[PDB]
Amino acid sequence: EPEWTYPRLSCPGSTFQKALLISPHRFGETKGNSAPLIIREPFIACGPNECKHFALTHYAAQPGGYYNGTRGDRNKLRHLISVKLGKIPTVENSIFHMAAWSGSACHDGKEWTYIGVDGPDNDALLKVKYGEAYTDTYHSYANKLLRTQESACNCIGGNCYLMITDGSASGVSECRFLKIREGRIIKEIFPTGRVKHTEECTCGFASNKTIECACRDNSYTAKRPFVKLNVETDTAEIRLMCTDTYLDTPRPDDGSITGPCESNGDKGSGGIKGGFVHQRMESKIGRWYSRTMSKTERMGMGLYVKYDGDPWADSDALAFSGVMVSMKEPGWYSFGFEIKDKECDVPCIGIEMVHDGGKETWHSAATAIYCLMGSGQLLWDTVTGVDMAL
């Protein structure tokens, strides 16, 4: 007391609804007096008492004089930052956790674990922080580019599970899982199955026995690699999601990849991190996913659901369950997380809405949140409200 936390049955509900928008650049005008941080790759993770809104900053504000380089991914300035969910992530409201150009975090019931990867591309370093204390590291194993989830890690009974990967962006990237306890890496887990390229896994609990993840293959396919990780045996297997509703971007037309479930198909090169979250019921499991409305561009974001079945074997379309972001608006990375009610867990999906005007201006993002709430159908979409000219 505090005790370790475990996944619980989800709170009652049958549809997602628009919850909250964090749009810091609504206050970034030259005519204004604010200092929203320039960020990308936001995610959210919650503990028993609060939710934290994380991102990777370029250590620059709007308005400001350091826009050059903010459309790049890795440099010596990027840091993992957070605010309490609902606060605007400005220079003063934010806290800087560690130097990082790839990140994750999660709460185990007693304390926060923070994860940050930095260093040179060919010998990068994963760093683990438990509360205030730097407690461990893990090294690049392919010497191409070590990296992690860009979303919440997952803790059960004090054991926090985390995807890492290393490899070429356009070739092989075989992922691993780390088992981390009170900030220290106590096991490495080497998945079996379809392992040729797995990155940016969005993971969560299907049950007390099983973690599942929906990931990105940046090289070979528009189907998402789907991880099943058994936390009783510490073993993992990966296969492609068979659904006709391909969740990557870019992607070919739904159902158009012919042959069996493992077939790679066309337009596999490139990709995007995708939302995935679980609705755990007594004898039923809802799997909720998001994908861009556009097949080729990072525009729009749609929500989908399927109950039960085996995602490795089932070609049936996921059920469309609403436009979270219309195709007129940006829809970039998406992620899952869960908010802890008094006796049950609330599944949510967050959406990174990038403000992209190219390399000659600033480059950052808003965060939209949708959560399971009540019944019926999803009723309204999200806009950032930002005019990049101001």
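We number the residues from 1 along the sequence you see.
Of the two segments examined, 288-296 and 137-145, it is 137-145 that shows the higher average Cα temperature factor in the deposited entry. According to the PDB record, 232-240 carries the higher mean C-alpha B-factor of the two stretches 198-206 and 232-240. Based on the entry's C-alpha B-factors, the most elevated value among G103, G72, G86, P89 belongs to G72.
Across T113, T258, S151, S94, the greatest Cα temperature factor reported in the deposited entry is at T258.
For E50, the recorded CA temperature factor ranks within the highest third of the chain's modelled residues.
In the deposited entry, the Cα temperature factor of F177 sits in the middle third of values across the chain's modelled residues. The deposited CA B-factor of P24 belongs to the lowest third of values across its chain. Remark: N68 belongs to the highest third of its chain, ranked by C-alpha B-factor as recorded. Looking at the C-alpha B-factors along this chain, the one for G119 belongs to the middle third.
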